[PDB]
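Tertiary structure, described
Now for the letters of each chain:
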Amino acid sequence: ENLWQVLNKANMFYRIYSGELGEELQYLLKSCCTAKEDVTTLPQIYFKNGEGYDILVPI
RNA sequence: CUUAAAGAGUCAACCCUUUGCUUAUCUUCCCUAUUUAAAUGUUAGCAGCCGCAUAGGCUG
């Protein structure tokens, strides 16, 4: 199994997330938990937010 | 300015063959269709003869 199987059974990602297996592991997990952004080849719609619109990109 | 914006699914074909749904059946008794009454509505628009008339008159 790759990392995707082991992190997703028996609530293992929440176990590393709440640090039952270690706070330095919490760090390792969060070092991979980042927000990378790209808006190309994605839908961009307008949603009314009250007297104006927001360009929502639904992911 | 709508998970906005955009897009060629194309092609091809042997469903075969086989077959016993036969067998025997009581439908059946019953019994009131009874009674009337204008056909009226002129109920016919005819037969000859006087005539050129299929115009018009006469005769019963």
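Now for a quick tour of the structure.

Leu42, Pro43, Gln44, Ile45, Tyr46, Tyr53, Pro58 and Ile59 make up every residue found near RNA strand B. In RNA strand B, atoms within 4 Å of the protein come from the sugar-phosphate backbone in 44% of cases. Between a base nitrogen of RNA strand B and a main-chain N or O atom of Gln44, the distance comes to 2.6 Å. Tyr46 places a polar main-chain atom, nitrogen or oxygen, 2.7 Å from a phosphate oxygen of RNA strand B. Taken together, the residues of the surface near RNA strand B sort by class into 7 nonpolar, 1 polar and no charged.

Conventions used here
Residues numbered from 1 in each chain as written, not as in the entry; some residues may be left out. Chains lettered and ligands numbered in written order. Part of a larger assembly, values for the part shown. Heavy atoms only, no water. Near = heavy atom within 4 Å. Polar contact = N/O pair within 3.5 Å; in protein donor to acceptor, adjacent residues only side chain to side chain. Nonpolar A, V, L, I, M, F, W, Y, C, P; charged D, E, K, R; others polar.

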